[PDB]
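Presented below is the structure to which this report refers.
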Amino acid sequence: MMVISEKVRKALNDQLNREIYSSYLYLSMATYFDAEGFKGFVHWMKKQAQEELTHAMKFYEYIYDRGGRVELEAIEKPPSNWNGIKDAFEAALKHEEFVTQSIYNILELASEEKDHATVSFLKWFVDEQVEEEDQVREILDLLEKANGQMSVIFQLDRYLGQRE
Amino acid sequence: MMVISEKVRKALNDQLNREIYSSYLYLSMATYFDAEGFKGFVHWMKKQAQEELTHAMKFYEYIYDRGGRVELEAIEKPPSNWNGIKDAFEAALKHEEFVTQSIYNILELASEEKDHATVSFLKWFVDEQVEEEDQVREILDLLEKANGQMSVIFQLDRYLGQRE
Amino acid sequence: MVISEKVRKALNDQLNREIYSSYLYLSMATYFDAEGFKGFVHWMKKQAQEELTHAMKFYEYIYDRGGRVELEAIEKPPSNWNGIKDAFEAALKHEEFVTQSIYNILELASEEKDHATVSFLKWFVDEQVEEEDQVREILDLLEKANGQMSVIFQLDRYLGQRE
Amino acid sequence: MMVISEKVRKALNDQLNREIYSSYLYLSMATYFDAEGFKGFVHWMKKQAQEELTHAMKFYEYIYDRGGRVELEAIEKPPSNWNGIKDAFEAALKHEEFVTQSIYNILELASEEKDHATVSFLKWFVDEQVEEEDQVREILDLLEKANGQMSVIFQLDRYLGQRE
Amino acid sequence: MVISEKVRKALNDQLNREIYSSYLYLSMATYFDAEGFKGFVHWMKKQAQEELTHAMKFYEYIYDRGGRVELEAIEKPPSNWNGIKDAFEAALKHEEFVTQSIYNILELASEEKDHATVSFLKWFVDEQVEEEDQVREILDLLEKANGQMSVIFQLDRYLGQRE
Amino acid sequence: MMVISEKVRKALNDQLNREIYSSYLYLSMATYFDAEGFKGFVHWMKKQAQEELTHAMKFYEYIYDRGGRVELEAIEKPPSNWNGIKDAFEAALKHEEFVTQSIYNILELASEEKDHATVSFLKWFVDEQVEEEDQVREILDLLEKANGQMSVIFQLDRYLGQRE
Ligand SMILES: CCCCCCCCCCCCCCCCCCCC
Ligand SMILES: CCCCCCCCCCCCCCCCCCCC
Ligand SMILES: CCCCCCCCCCCCCCCCCCCC
Ligand SMILES: [Fe+3]
Ligand SMILES: [Fe+3]
Ligand SMILES: [Fe+3]
Ligand SMILES: [Fe+3]
Ligand SMILES: [Fe+3]
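Here's what the structure looks like:
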């Protein structure tokens with residue numbers, strides 16, 4: 001027996017598909033930074049793409065652990081171009097803020113259904129989203145310090161190029 | 001800047017997107033095997049999914065190496081249900097045979113324009129595709145021997161569960 | 002004592018339920034031993050030990066908040082089941098009952114704003130997810146098995162390897 | 001099938017359930033010493049409780065080795081309070097003596113049936129009971145010398161806290 | 002800043018409370034040193050360093066959520082107690098007050114559906130259980146010691162061994 | 001017995017309370033640098049705060065080593081804001097020069113009282129304060145050479161981030 005309500009399963013399945021989209025979006029930002037020729041920003045976006053995949057697989061495993069099933073949905077085409085580096089990263093910040101709210105919505109729905117297991121499972125994402133937001137604000141802050149000066153952009157490129 | 005024709009850039013970009021669908025398709029086969037409860041087949045499909053991402057990224061890299069740019073397209077919703085194990089693996093073989101012909105088409109197009117670099121690049125894929133088909137055919141030959149017998153299916157599950 | 006008497010009693014009741022759970026799994030070891038499945042015996046003995054550690058975590062938490070543990074009688078558990086599948090079906094049902102009892106303590110602790118006990122119980126919520134699932138995974142393998150002895154022996158070996 | 005008499009199987013099964021009661025009793029003495037705030041005594045009682053489980057399991061294995069089956073019985077509520085350290089260890093001693101006599105009774109019953117296999121099996125427990133009784137007499141005799149001096153009780157709590 | 006001004010202010014105040022907590026344990030060390038108990042001194046100095054890490058945890062969380070930290074004046078703490086037992090009950094009473102301050106932030110965050118701050122505070126809810134319990138254990142040992150100097154020396158070495 | 005005069009004990013206790021404020025002050029500059037987004041300057045200042053605590057603790061011990069007693073006084077509120085990176089470090093230099101003079105005042109009080117022990121104990125801080133002053137001056141000079149050019153600011157931000 002599936003021991004999550006169907007409406008919590010679809011909320012989880014929906015979030016799983018949003019995590020797949022988030023990974024595709026960062027790959028698309030990588031395509032942008034690669035066209036712009038910043039190998040370090042490219043490197044950073046590829047790691048973010050694979051990191052979001054692990055988020056999706058976390059949802060994957062919990063759905064099956066609670067007796068549900070996963071259904072993959074179509075993945076909409078992401079933007080392929082931005083108005084500069086600050087533009088791409090602010091789009092990332094806004095995006096992760098949307099992801100956090102979508103996860104917040106699942107938590108409140110689970111809490112209202114007295115689904116304590118799903119409430120507890122999502123705490124990892126609550127904490128993780130704090131870090132996903134902060135790291136992008138850090139880059140945005142450093143980018144505003146550079147203020148388009150290429151000597152500093154190279155430093156920030158090579159800094160983000162070291163992400164493991 | 002770009003030293004591939006737009007006809008070859010577009011064939012490569014389209015194949016890149018098909019490799020992304022390939023990974024999504026194999027992930028969806030994992031959701032099916034998880035629903036049916038075959039951990040080894042799940043494992044095998046998850047590893048196939050990650051192999052297809054590397055196929056995509058080899059196209060990604062080659063496009064930029066020749067001065068092109070990659071544009072990510074929508075990913076269609078993959079099927080989530082099959083009649084049984086053998087049908088899923090037959091769907092995989094059909095898929096890989098289809099990707100082989102699509103690569104054959106890029107190779108013939110590149111050869112037509114005397115883009116010898118892209119012809120040579122696709123040789124790796126010609127050789128990889130022979131093994132992608134053969135591995136699925138070996139499984140199908142075993143499933144046809146298994147003939148739906150659960151004790152023998154369980155052996156093949158554990159066997160494909162050992163994939164590295 | 003810094004837990005309410007009503008929460009202290011709930012924890013103490015759950016400690017005794019956790020000891021009963023360990024005894025129950027020992028009784029399933031007695032059953033599989035009578036039936037001659039060494040691997041299922043192994044799994045059940047390892048499961049009985051795991052419930053003891055659960056009980057002791059309630060033990061320690063009660064004393065950490067100024068409480069005292071009172072051990073109650075342990076009811077006689079069933080000693081027989083109608084085959085391997087039936088015993089694991091009883092296990093799944095039992096663990097679900099354990100999950101609901103933990104949920105109930107968590108809800109009582111929440112409405113008393115006993116945040117320490119709420120947070121303490123999170124560990125058991127997450128653990129209960131696994132205990133339910135690992136029995137569900139066994140049941141699904143048994144359903145496919147359909148009593149076929151070659152597959153049951155394969156499953157005895159798999160469960161005999163639990164550490 | 002079973003090569004112990006039903007009368008000896010019942011005697012062994014009964015004693016297995018006494019061993020489980022013994023471990024529960026000692027756990028209960030741990031609950032008492034934990035309320036009293038003597039860490040070392042708690043540790044000792046927890047170690048004694050685990051030791052009685054190895055006793056129960058030893059009977060378990062012999063019963064199955066002789067073609068018998070184990071049936072677990074209800075476990076009585078143990079006392080949860082004593083009138084002091086000496087009183088608790090005195091109850092432990094009295095309990096171990098009762099266990100010894102219960103074990104002796106099985107030995108005499110099996111020897112009257114010429115069930116030599118069960119006679120020989122029980123030798124291990126005859127010897128163990130000598131140690132179990134002696135270890136409690138040792139503690140009681142040290143407590144007599146302590147004579148309520150908290151400085152010496154602390155020393156003794158530390159010593160029994162070192163039990164491996 | 003993505004925490005509300007009431008939640009940032011509660012967090013900033015708790016940061017300053019943690020710093021006073023570290024200062025308080027430091028003068029408790031000044032007390033035990035005047036009284037000539039090196040082990041209790043050692044224990045109190047270690048408690049001081051631990052409270053700095055509590056403060057620094059609130060520090061980091063405030064910045065991770067886009068807020069800023071403002072350091073406030075630190076009150077002069079008591080410098081004397083009328084004995085070992087009195088010093089530790091001041092410690093216990095204080096940690097209980099810290100727990101309630103943390104509970105208030107938790108409920109404030111919860112009413113604001115600020116799940117991130119709620120979850121961040123779980124670590125402290127769990128930590129405070131152990132901070133209270135370790136002082137209770139010490140007090141319970143001091144009651145057994147009952148002013149006997151030979152036993153006080155024993156407890157002095159024990160707490161002197163804290164890592 | 002106390003073998004320092006009350007005025008030298010009182011001077012030493014004031015310096016102890018002054019050393020704690022210095023640590024609190026440097027902690028507050030970290031709050032400033034963290035708000036400005038300079039993680040390396042934050043690192044430097046947090047480690048400077050820990051060094052001031054060790055200064056406090058050396059006064060702590062010496063007071064007890066000559067039979068006195070420490071009384072902790074209120075810590076008066078530090079500033080939390082500066083008009084830029086170098087202005088903060090200008091405050092740092094200004095502060096430690098004040099500490100050096102406060103230490104000099106104790107040394108003279110000790111010299112006139114023929115308290116040779118306190119005179120000698122303080123020569124550690126005399127020598128340490130020379131380092132403390134030079135350490136900030138050198139930072140100040142590089143900030144002036146950098147001249148607000150962030151590529152150079154970023155570089156010694158990372159430089160001071162390497163402090164042990
Ligand atoms: C460095 C390359 C990153 C590319 C990310 C592409 C994301 C969008 C397409 C998703 C395809 C399916 C995901 C496969 C997951 C494989 C299973 C992982 C199990 C832990
Ligand atoms: C391997 C077989 C396990 C059988 C368990 C039967 C449980 C019945 C209750 C008996 C009392 C158990 C007391 C256990 C004390 C353990 C303390 C460990 C340290 C925290
Ligand atoms: C070294 C052993 C004694 C420690 C006593 C600590 C007393 C603290 C009093 C308040 C001081 C506040 C400023 C401390 C900043 C420390 C920052 C640490 C980050 C690494
Ligand atoms: Fe994510
Ligand atoms: Fe492929
Ligand atoms: Fe025994
Ligand atoms: Fe604290
Ligand atoms: Fe200093």
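From first to last, the protein sequence lines stand for chains A, B, C, D, E and F.
Read in UniProt numbering, the first sequence has 4 at position 4, and its numbers run on one by one without any break.
Read in UniProt numbering, the second sequence has 145 at position 145, and its numbers run on one by one without any break.
Read in UniProt numbering, the third sequence has 129 at position 128, and its numbers run on one by one without any break.
Read in UniProt numbering, the fourth sequence has 12 at position 12, and its numbers run on one by one without any break.
Read in UniProt numbering, the fifth sequence has 44 at position 43, and its numbers run on one by one without any break.
Read in UniProt numbering, the sixth sequence has 53 at position 53, and its numbers run on one by one without any break.
For each residue, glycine too, the CB sits at the ideal point set by N, CA and C.
Residues with C-beta closer than 6 Å to any heavy atom of ligand 7, in chain order: 19/E, 22/E, 52/E, 55/E, 99/E
DSSP beta-bridge partners for residue 75/C? 75/D
Determine the chain F residues that contact residue 27/E at a beta-carbon separation under 7 Å, and present them in chain order. 72
Indicate the three-state DSSP secondary structure (helix, strand or coil) for residue 38/C in the structure shown. coil
Taking residue 19/F as the reference, give the member of 99/F, 32/F, 33/F, 7/F with the closest Cα. 99/F
Taking a cut of 7 Å between CB atoms, which residues from the UniProt domain "Ferritin-like diiron" (2-147) of chain D lie near chain C? 24, 27, 28, 31, 34, 35, 64, 69, 70, 71, 72, 73, 74, 75, 76, 77, 78, 80
Give every residue of the same chain whose Cβ lies closer than 7 Å to the Cβ of residue 60/D, excluding the five residues on either side of it in the sequence, and list them in chain order. 16, 70
C-beta contact flag for residue 30/E and residue 45/E at 8 Å: yes
Looking at the unbroken alpha helix (DSSP H) that takes in residue 96/D, where does it start and where does it end? 85-112
Going by DSSP in three states, residue 4/D sits in which element: helix, strand or coil? coil
Assign residue 80/E to one of three DSSP states: helix, strand, or coil. coil
Please state the DSSP three-state secondary structure of residue 141/C. helix
Could you list the residues in the segment 146-164 of chain A with a C-beta less than 8 Å from some C-beta on chain F, going in chain order? 146, 147, 149, 151, 152, 155
At what residues does the alpha helix (DSSP H) containing residue 158/C begin and finish? 150-161
Beta-carbon within less than 6 Å of residue 92/B's beta-carbon, same chain only, minus the 5 sequence neighbours each way: which residues are those? 136
For residue 63/D, which residues of its own chain have a beta-carbon under 6 Å away from its beta-carbon, when the five flanking residues on both sides are left out? 12, 70
Examine chain G for any beta-carbon lying closer than 8 Å to the beta-carbon of residue 3/D, and answer yes or no. Of the chains in the structure shown, none is chain G; the protein chains are A, B, C, D, E and F.
Roughly how many angstroms separate the alpha carbons of residue 38/D and residue 54/C, rounded to a whole number? 21 Å
Local conformation of residue 13/F per DSSP, three classes: helix
Check the C-beta distance from residue 142/A over to residue 156/A and give it rounded, since I have them as a contact under 8 Å. 5 Å
Once DSSP output is grouped into helix, strand and coil, what is the label at residue 119/A? helix
Short of 8 Å in beta carbon distance, which residues of its chain neighbour residue 152/B, apart from the five on each side in sequence? Order them along the chain. 145, 146
Taking the alpha-carbon positions, what's the residue 160/C to residue 104/C distance? 29 Å
Select from 33/E, 130/E, 138/E the residue whose C-alpha is nearest the C-alpha of residue 84/E. 33/E
How big is the Cα-Cα spacing for residue 52/D and residue 23/D? 5 Å
Among 96/A, 76/A, 122/A, which one has its Cα closest to the Cα of residue 8/A? 122/A
So, using beta-carbon positions, are residue 4/A and residue 75/B closer together than 8 Å? no
Cα-Cα separation between residue 119/B and residue 111/B, rounded to whole angstroms: 6 Å
Kindly indicate which residue of 42/B, 2/B, 47/B, 154/B has the alpha-carbon position closest to the one of residue 132/B. 47/B
If we ignore side chains and look at the alpha-carbon of each, how far apart do residue 126/A and residue 96/A end up? 12 Å
Three-state class that DSSP yields for residue 18/C in the structure shown: helix
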